[PDB]
Every structure is written in C-alpha cells, then in structure tokens.
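J.: Contents of run_13.cif (mmCIF, C-alpha atoms) are below:
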```
data_upload
#
loop_
_atom_site.label_atom_id
_atom_site.label_comp_id
_atom_site.auth_asym_id
_atom_site.auth_seq_id
_atom_site.Cartn_x
_atom_site.Cartn_y
_atom_site.Cartn_z
CA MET M 1 0.00 0.00 0.00
CA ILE M 2 0.97 3.67 -0.29
CA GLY M 3 2.46 4.57 3.08
CA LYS M 4 1.25 3.47 6.52
CA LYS M 5 -1.85 5.65 6.40
CA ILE M 6 -3.50 8.52 4.55
CA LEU M 7 -3.86 11.31 7.11
CA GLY M 8 -6.05 13.52 4.95
CA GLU M 9 -6.80 14.76 1.45
CA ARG M 10 -7.86 17.79 -0.57
CA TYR M 11 -9.32 17.84 -4.06
CA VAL M 12 -7.34 20.22 -6.25
CA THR M 13 -8.22 21.94 -9.50
CA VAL M 14 -6.56 21.01 -12.78
CA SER M 15 -5.06 24.51 -12.73
CA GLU M 16 -3.30 23.92 -9.41
CA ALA M 17 -2.34 20.36 -10.34
CA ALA M 18 -0.74 21.73 -13.51
CA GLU M 19 1.55 24.01 -11.49
CA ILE M 20 2.37 21.19 -9.06
CA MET M 21 3.37 18.94 -11.97
CA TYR M 22 5.34 21.80 -13.52
CA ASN M 23 7.40 21.99 -10.33
CA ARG M 24 7.94 18.23 -10.37
CA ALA M 25 9.28 18.42 -13.92
CA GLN M 26 11.84 20.98 -12.74
CA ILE M 27 13.53 18.57 -10.31
CA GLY M 28 13.91 15.59 -12.61
CA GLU M 29 12.95 13.88 -15.87
CA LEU M 30 9.33 12.72 -16.02
CA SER M 31 8.17 9.22 -16.90
CA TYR M 32 5.98 8.83 -19.97
CA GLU M 33 2.76 8.86 -17.95
CA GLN M 34 3.92 11.77 -15.78
CA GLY M 35 4.65 13.62 -19.02
CA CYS M 36 1.18 12.86 -20.37
CA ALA M 37 -0.26 14.17 -17.12
CA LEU M 38 1.69 17.43 -17.41
CA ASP M 39 0.56 17.84 -21.02
CA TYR M 40 -3.08 17.22 -20.10
CA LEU M 41 -3.00 19.48 -17.06
CA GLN M 42 -1.42 22.40 -18.91
CA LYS M 43 -3.93 22.08 -21.77
CA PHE M 44 -7.02 21.86 -19.58
CA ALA M 45 -6.13 24.41 -16.90
CA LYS M 46 -8.44 27.34 -17.67
CA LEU M 47 -6.89 29.71 -15.12
CA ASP M 48 -3.56 30.07 -13.33
CA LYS M 49 -3.27 28.51 -9.87
CA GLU M 50 -4.01 31.71 -7.95
CA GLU M 51 -7.29 32.44 -9.74
CA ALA M 52 -8.47 28.83 -9.67
CA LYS M 53 -7.98 28.61 -5.92
CA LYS M 54 -9.69 31.97 -5.46
CA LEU M 55 -12.70 30.74 -7.44
CA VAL M 56 -12.93 27.54 -5.41
CA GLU M 57 -12.87 29.59 -2.21
CA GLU M 58 -15.67 31.85 -3.43
CA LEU M 59 -17.79 28.84 -4.35
CA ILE M 60 -17.08 27.21 -0.99
CA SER M 61 -18.13 30.42 0.75
CA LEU M 62 -21.57 29.85 -0.78
CA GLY M 63 -21.78 26.46 0.90
CA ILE M 64 -20.79 24.42 -2.15
CA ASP M 65 -18.97 21.22 -1.19
CA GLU M 66 -15.24 21.06 -2.01
CA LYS M 67 -15.39 18.38 -4.72
CA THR M 68 -18.14 20.20 -6.60
CA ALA M 69 -16.51 23.62 -6.20
CA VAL M 70 -13.33 22.19 -7.71
CA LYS M 71 -15.24 20.60 -10.60
CA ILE M 72 -16.95 23.93 -11.27
CA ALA M 73 -13.57 25.69 -11.29
CA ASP M 74 -12.25 23.03 -13.70
CA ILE M 75 -15.20 23.26 -16.10
CA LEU M 76 -16.13 26.95 -15.79
CA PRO M 77 -19.83 26.48 -16.66
CA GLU M 78 -21.34 29.24 -18.80
CA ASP M 79 -25.03 28.37 -18.44
CA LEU M 80 -27.58 26.21 -16.62
CA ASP M 81 -27.02 23.27 -18.95
CA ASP M 82 -23.32 23.17 -18.06
CA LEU M 83 -24.33 23.10 -14.40
CA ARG M 84 -26.78 20.29 -15.13
CA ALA M 85 -23.84 18.34 -16.56
CA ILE M 86 -21.93 18.86 -13.31
CA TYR M 87 -24.89 18.16 -11.02
CA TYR M 88 -25.52 14.72 -12.51
CA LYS M 89 -28.46 12.91 -10.90
CA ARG M 90 -28.49 15.86 -8.50
CA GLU M 91 -30.98 18.71 -8.23
CA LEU M 92 -29.69 22.07 -9.45
CA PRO M 93 -28.56 24.45 -6.67
CA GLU M 94 -31.01 27.11 -5.55
CA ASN M 95 -28.02 29.40 -6.13
CA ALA M 96 -27.45 28.21 -9.71
CA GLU M 97 -27.51 31.76 -11.11
CA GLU M 98 -25.11 33.14 -8.51
CA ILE M 99 -22.62 30.40 -9.36
CA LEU M 100 -22.67 31.34 -13.04
CA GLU M 101 -22.22 35.01 -12.14
CA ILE M 102 -19.15 34.18 -10.07
CA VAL M 103 -17.76 31.82 -12.72
CA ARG M 104 -18.46 34.50 -15.32
CA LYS M 105 -16.73 36.64 -12.76
CA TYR M 106 -13.28 35.27 -12.84
CA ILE M 107 -12.72 38.78 -13.55
CA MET D 1 -10.31 14.13 -10.18
CA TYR D 2 -6.96 15.30 -8.82
CA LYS D 3 -6.05 15.25 -5.14
CA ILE D 4 -3.21 16.16 -2.82
CA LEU D 5 -2.82 13.52 -0.11
CA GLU D 6 -1.02 13.75 3.23
CA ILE D 7 0.61 10.39 3.94
CA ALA D 8 2.33 9.00 7.02
CA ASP D 9 5.04 6.42 6.34
CA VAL D 10 8.41 5.01 7.42
CA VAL D 11 11.33 5.54 5.04
CA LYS D 12 14.37 3.25 4.96
CA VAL D 13 17.60 5.21 4.48
CA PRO D 14 20.66 3.08 3.53
CA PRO D 15 23.99 3.87 5.26
CA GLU D 16 25.56 4.75 1.90
CA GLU D 17 23.40 7.89 1.98
CA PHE D 18 24.18 9.10 5.51
CA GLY D 19 26.37 11.93 4.24
CA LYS D 20 23.72 13.44 1.96
CA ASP D 21 20.97 15.91 2.86
CA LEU D 22 18.35 13.94 4.77
CA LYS D 23 15.24 15.58 3.31
CA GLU D 24 16.50 15.32 -0.28
CA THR D 25 17.49 11.68 0.26
CA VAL D 26 14.12 10.79 1.78
CA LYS D 27 12.27 12.58 -1.02
CA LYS D 28 14.27 10.70 -3.66
CA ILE D 29 13.54 7.36 -2.00
CA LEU D 30 9.82 8.16 -1.85
CA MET D 31 9.77 9.18 -5.51
CA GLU D 32 11.43 5.96 -6.64
CA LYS D 33 9.11 3.89 -4.44
CA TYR D 34 5.71 5.47 -5.12
CA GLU D 35 5.60 7.60 -8.28
CA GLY D 36 4.01 5.69 -11.12
CA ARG D 37 2.10 3.39 -8.77
CA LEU D 38 -1.58 2.83 -9.49
CA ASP D 39 -3.83 1.96 -6.55
CA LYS D 40 -7.53 1.11 -6.85
CA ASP D 41 -8.37 3.21 -3.78
CA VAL D 42 -5.71 5.93 -3.93
CA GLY D 43 -5.26 6.42 -7.67
CA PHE D 44 -2.21 7.14 -9.84
CA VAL D 45 0.72 8.62 -7.89
CA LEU D 46 1.95 11.56 -9.98
CA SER D 47 4.42 13.32 -7.71
CA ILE D 48 5.92 13.45 -4.24
CA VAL D 49 5.29 17.17 -3.78
CA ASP D 50 7.18 17.59 -0.53
CA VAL D 51 8.26 15.92 2.69
CA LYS D 52 6.60 17.72 5.60
CA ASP D 53 8.14 15.88 8.55
CA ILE D 54 11.02 13.48 9.20
CA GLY D 55 11.42 11.92 12.63
CA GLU D 56 14.52 10.50 14.27
CA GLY D 57 15.93 7.37 12.67
CA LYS D 58 15.46 3.95 14.23
CA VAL D 59 17.88 1.08 13.73
CA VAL D 60 16.94 -2.59 14.07
CA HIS D 61 19.43 -5.44 14.52
CA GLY D 62 20.67 -7.19 11.39
CA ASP D 63 19.82 -4.09 9.36
CA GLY D 64 22.18 -1.18 8.71
CA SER D 65 19.53 1.23 7.42
CA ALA D 66 17.97 4.07 9.39
CA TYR D 67 14.17 3.94 9.50
CA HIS D 68 12.67 7.42 9.71
CA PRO D 69 9.00 8.15 10.39
CA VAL D 70 7.81 10.66 7.80
CA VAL D 71 4.83 12.62 6.54
CA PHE D 72 4.85 13.48 2.85
CA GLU D 73 2.48 15.15 0.41
CA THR D 74 1.57 13.59 -2.93
CA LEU D 75 -0.43 14.53 -6.01
CA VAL D 76 -2.65 11.77 -7.40
CA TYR D 77 -5.07 11.29 -10.27
CA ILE D 78 -8.23 9.42 -9.34
CA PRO D 79 -11.08 8.66 -11.78
CA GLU D 80 -14.50 8.56 -10.10
CA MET D 81 -17.71 6.87 -11.25
CA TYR D 82 -20.13 9.17 -13.09
CA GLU D 83 -17.54 11.95 -13.02
CA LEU D 84 -17.80 14.74 -15.59
CA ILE D 85 -14.52 15.18 -17.43
CA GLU D 86 -12.94 17.09 -20.28
CA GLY D 87 -10.04 15.68 -22.25
CA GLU D 88 -8.24 15.38 -25.57
CA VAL D 89 -8.73 12.60 -28.13
CA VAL D 90 -5.38 10.87 -28.62
CA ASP D 91 -6.41 7.91 -30.79
CA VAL D 92 -9.40 7.00 -32.95
CA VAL D 93 -10.01 3.39 -33.97
CA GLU D 94 -12.95 1.39 -35.32
CA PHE D 95 -14.06 0.47 -31.81
CA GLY D 96 -13.87 3.91 -30.23
CA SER D 97 -11.85 6.98 -29.30
CA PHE D 98 -9.21 7.16 -26.58
CA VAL D 99 -9.27 10.33 -24.46
CA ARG D 100 -6.39 11.54 -22.28
CA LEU D 101 -7.51 12.38 -18.74
CA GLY D 102 -4.04 12.79 -17.27
CA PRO D 103 -1.60 9.89 -16.71
CA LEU D 104 -4.39 7.55 -17.80
CA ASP D 105 -6.76 7.50 -20.78
CA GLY D 106 -10.44 6.68 -21.01
CA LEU D 107 -12.19 4.98 -23.90
CA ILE D 108 -15.40 6.15 -25.52
CA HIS D 109 -16.65 3.03 -27.27
CA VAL D 110 -17.69 3.80 -30.86
CA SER D 111 -21.39 3.41 -30.00
CA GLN D 112 -21.18 5.95 -27.17
CA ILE D 113 -19.81 8.89 -29.15
CA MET D 114 -23.03 10.28 -30.62
CA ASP D 115 -26.69 9.48 -31.28
CA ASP D 116 -26.21 8.70 -34.96
CA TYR D 117 -25.00 5.95 -37.29
CA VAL D 118 -21.21 6.14 -37.19
CA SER D 119 -18.38 4.71 -39.27
CA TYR D 120 -14.61 4.72 -38.88
CA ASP D 121 -12.72 6.45 -41.68
CA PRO D 122 -9.18 4.98 -41.85
CA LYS D 123 -8.20 8.04 -43.88
CA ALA D 126 -11.95 9.79 -37.52
CA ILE D 127 -15.44 8.72 -36.45
CA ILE D 128 -18.17 10.22 -38.64
CA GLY D 129 -21.92 10.45 -38.14
CA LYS D 130 -23.90 9.66 -41.28
CA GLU D 131 -27.04 11.65 -40.43
CA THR D 132 -25.46 14.52 -38.46
CA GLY D 133 -22.14 14.96 -40.22
CA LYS D 134 -20.51 15.29 -36.80
CA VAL D 135 -16.87 14.23 -36.72
CA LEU D 136 -14.55 13.15 -33.93
CA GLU D 137 -10.83 12.94 -34.65
CA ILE D 138 -7.46 12.96 -32.89
CA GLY D 139 -6.81 16.31 -31.25
CA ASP D 140 -10.44 17.18 -30.54
CA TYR D 141 -11.45 18.28 -27.03
CA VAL D 142 -14.43 16.55 -25.45
CA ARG D 143 -16.66 16.65 -22.39
CA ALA D 144 -17.71 13.17 -21.28
CA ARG D 145 -18.79 11.11 -18.27
CA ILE D 146 -17.03 8.12 -16.72
CA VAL D 147 -19.31 5.08 -16.72
CA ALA D 148 -16.89 2.27 -15.86
CA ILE D 149 -13.64 2.00 -13.90
CA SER D 150 -11.20 -0.88 -13.51
CA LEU D 151 -7.82 0.12 -12.07
CA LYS D 152 -5.20 -2.64 -11.88
CA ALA D 153 -2.06 -2.05 -9.81
CA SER D 159 -6.53 -0.62 -16.53
CA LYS D 160 -9.80 0.44 -18.12
CA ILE D 161 -11.81 3.64 -17.89
CA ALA D 162 -14.97 3.72 -20.02
CA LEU D 163 -16.45 7.02 -21.17
CA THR D 164 -19.65 8.12 -22.87
CA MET D 165 -20.93 11.27 -24.55
CA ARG D 166 -24.36 9.83 -25.33
CA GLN D 167 -26.10 11.88 -22.66
CA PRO D 168 -27.31 15.46 -22.79
CA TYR D 169 -24.72 18.20 -22.19
CA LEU D 170 -21.84 15.96 -23.30
CA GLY D 171 -19.83 15.80 -26.52
CA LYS D 172 -17.04 17.40 -28.53
CA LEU D 173 -16.71 20.93 -27.15
CA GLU D 174 -17.62 22.44 -30.52
CA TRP D 175 -20.91 20.50 -30.58
CA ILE D 176 -21.77 21.83 -27.13
CA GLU D 177 -20.94 25.39 -28.15
CA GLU D 178 -23.13 25.04 -31.26
CA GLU D 179 -26.04 23.78 -29.17
CA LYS D 180 -25.67 26.81 -26.90
CA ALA D 181 -25.73 29.15 -29.90
CA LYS D 182 -29.01 27.64 -31.13
CA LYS D 183 -30.59 27.82 -27.68
CA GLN D 184 -28.81 31.11 -26.92
#
```
The structure given in the file should be rewritten as structure tokens.

T.:
Amino acid sequence: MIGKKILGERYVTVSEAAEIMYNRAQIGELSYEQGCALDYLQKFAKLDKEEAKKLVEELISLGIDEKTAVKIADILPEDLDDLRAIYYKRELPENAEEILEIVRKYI
Amino acid sequence: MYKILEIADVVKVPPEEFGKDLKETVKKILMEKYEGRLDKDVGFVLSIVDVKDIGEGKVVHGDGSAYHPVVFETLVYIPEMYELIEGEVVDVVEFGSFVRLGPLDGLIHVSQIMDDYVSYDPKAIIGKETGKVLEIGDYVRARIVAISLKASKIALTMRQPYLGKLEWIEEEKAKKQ
C-alpha cells in the first residue's frame, strides 16, 4: 500500500495540479505517464493557480462542497445546462444563477 | 479528479546515503518507491510534492539502514464513477476513441460517441445523419461510466445530454442562446 496511512486529502483543480506537476518536472525527468499528465494538465487548466484557488474559495463560501466547487472551477460552466452536466443525478442548486455570475466573474 | 494527499510512512535510508541531505534523500527514496504506482483506492501517484516531517531514525538489529517516520504530500489522479470530465482525443479506432484524462486515458466506445450511425474512416469517427466528426486532437466533455484500475480500463460516454465534442456543445448553446 501507499504509506502506513492517509492522514487527509484535498481535491485540487486542474489549474493547481498543472503548477504542481510543472514543479515536479523541474527537479527531474518525467516518466511517460507523468509527461502525459503534465501535457493534459497544462492544456485543460483554464486559469492560473491563484485564480483557480480563489474561485474555489468563493464557491465554498456559498456552501458548495469542495469536490463540486473544484469541478466547477475546472469546467467553468457558462449556463444552466453546463451546471446540469456537473450536477448529474443531483438537483440544481437554488443558487445556480449566482454560481454562473461568479464563474463568469473570474474577472 | 486530482487530489493532494497527506501520507504517514516510514522511510528506509541506507547507510551509503548518511552523508547526503536527509530531506532530499528521503524525497528521492519516496519518488522511486511510489511515483508511477496505481492503486484502486488511492489512484495514480503523480508526484511526491514535498516531505513535511522526518522523525529520528530507528535502527533494528541485522539491518544497517535508518528507519525514519515521515509525513509526505503527494499529487494523485483518481477517476471517479459518473464523473464529468474534459479531455483530448489521442487515438481514434474502429471500436472507439481514446481520451487523455491525465496519466491515464479513457475509452469512448464507438457506439457511445453520438446518437447517430457512425463509421470509422481509416483516412476519424463520422456520423452519417449529423455529419458530426470526432478525430485525434479534438477536445471533449464526457462522463465516466466504468472503472477498472489494476495495480486498466476507464470507459467514457458522450451519449447523454450536455456531453460531446466541445464544438458541438458550443453550437447547441448558440441555437438555444
């Protein structure tokens, strides 16, 4: 198994993961799969780390669970349908519109 | 999904390394031991981000290594059932399209790409009635419908509303405006 025990975890956005992998690539050569991960992460990060983490915090401040807030920051929904894609088999948030305003606010 | 995990462990440091920086040596050992590993519950270990704590070394008889208790941070990729993802098509065959999700790829079986009669063109997947095309390089939004990680197979689908090649989704939005 990986270690003796997992003390805790935190879901991270693709944007933050991309910067974390960038740092890893600076200390040594990456394996093929690590390289694929870096390529994917850099291509699908829609904001820099700072902004992505700021967006997740704003969403969390509204009571949105961490995992979902991160997914929203990764996707950057532009309308209700995008939110419906995220909230699969889940009822849309009563704050659906506010979320879109904030997402359309990474500005 | 991507996660940063805090892990407690015990790292074995060989005597040949006693003169080198402890933290750097421990980090190197952890990288060689865990990076690249794929665990059903944890996911794919992408990087040992940092070592946050290293306790005093313990030595046991018959062994010349120093065992140090440690806490390290690691970045992992973990696919989750019914998860909404976005990725790039890296291969298109007669039985489907492979999509990169990070260190692992998912497969959209040919019959789960679009609601239309499709055919593989050796010279991309094309829809006969819609004219929609999916080829290497395209970006897609899909949902994970099957996961089998072996320390692997990740099945994807776009045959649900709000899923598909990003351009198809953008077009739909334009029509609905």

J.: What lies within 12 Å of residue 33 (chain M) using only C-alpha atoms, ignoring chain neighbours under 3 positions off, as a PDB file with C-alpha atoms, keeping the file's coordinate frame?

T.:
```
ATOM      1  CA  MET M  21       3.370  18.940 -11.970  1.00  0.00           C
ATOM      2  CA  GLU M  29      12.950  13.880 -15.870  1.00  0.00           C
ATOM      3  CA  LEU M  30       9.330  12.720 -16.020  1.00  0.00           C
ATOM      4  CA  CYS M  36       1.180  12.860 -20.370  1.00  0.00           C
ATOM      5  CA  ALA M  37      -0.260  14.170 -17.120  1.00  0.00           C
ATOM      6  CA  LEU M  38       1.690  17.430 -17.410  1.00  0.00           C
ATOM      7  CA  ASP M  39       0.560  17.840 -21.020  1.00  0.00           C
ATOM      8  CA  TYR M  40      -3.080  17.220 -20.100  1.00  0.00           C
TER       9      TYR M  40
ATOM     10  CA  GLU D  35       5.600   7.600  -8.280  1.00  0.00           C
ATOM     11  CA  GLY D  36       4.010   5.690 -11.120  1.00  0.00           C
ATOM     12  CA  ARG D  37       2.100   3.390  -8.770  1.00  0.00           C
ATOM     13  CA  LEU D  38      -1.580   2.830  -9.490  1.00  0.00           C
ATOM     14  CA  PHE D  44      -2.210   7.140  -9.840  1.00  0.00           C
ATOM     15  CA  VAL D  45       0.720   8.620  -7.890  1.00  0.00           C
ATOM     16  CA  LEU D  46       1.950  11.560  -9.980  1.00  0.00           C
ATOM     17  CA  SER D  47       4.420  13.320  -7.710  1.00  0.00           C
ATOM     18  CA  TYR D  77      -5.070  11.290 -10.270  1.00  0.00           C
ATOM     19  CA  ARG D 100      -6.390  11.540 -22.280  1.00  0.00           C
ATOM     20  CA  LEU D 101      -7.510  12.380 -18.740  1.00  0.00           C
ATOM     21  CA  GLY D 102      -4.040  12.790 -17.270  1.00  0.00           C
ATOM     22  CA  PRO D 103      -1.600   9.890 -16.710  1.00  0.00           C
ATOM     23  CA  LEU D 104      -4.390   7.550 -17.800  1.00  0.00           C
ATOM     24  CA  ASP D 105      -6.760   7.500 -20.780  1.00  0.00           C
TER      25      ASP D 105
END
```

J.: Between D:4, D:183, D:161, D:49, which residue has the minimum interatomic distance to residue 26 (chain M), considering only C-alpha atoms?

T.: D:49

J.: For region 1-17 of chain M, list every protein, DNA or RNA residue within 9 Å, evaluated using all atoms listed in the file, and leave out those in the same chain fewer than 4 positions away; present the list as a count of residues only.

T.: 39

J.: Find the residue from D:25, D:119, D:112, D:74 that sits nearest to chain M; use all atoms listed in the file when measuring.

T.: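 Nearest to chain M: D:74.
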
J.: Counting all atoms listed in the file, which of M:68, M:100, M:106, M:55 gets nearest to residue 88 (chain M)?

T.: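 With all atoms listed in the file as the atom set, the closest residue is M:68.
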
J.: Just checking: using all atoms listed in the file, which residue out of D:172, D:130, D:68, D:143 ends up closest to chain M?

T.: D:143

J.: Looking at M:86, M:92, M:103, M:62, which one is nearest to chain D, with distances taken over only C-alpha atoms?

T.: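 Once distances to chain D are computed over only C-alpha atoms, the minimum belongs to M:86.
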
J.: Care to translate the PyMOL selection byres ((chain D and resi 24) around 12) into actual residues of this file, as a list in words?

T.: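 Answer for the PyMOL selection byres ((chain D and resi 24) around 12): residues 27 of chain M; 13, 17, 18, 19, 20, 21, 22, 23, 25, 26, 27, 28, 29, 30, 31, 48, 49, 50, 51, 52 and 54 of chain D.
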
J.: Quick one: pull the distance between CA of residue 24 (chain M) and CA of residue 43 (chain M), Å, one decimal.

T.: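 These two atoms are separated by 16.9 Å.
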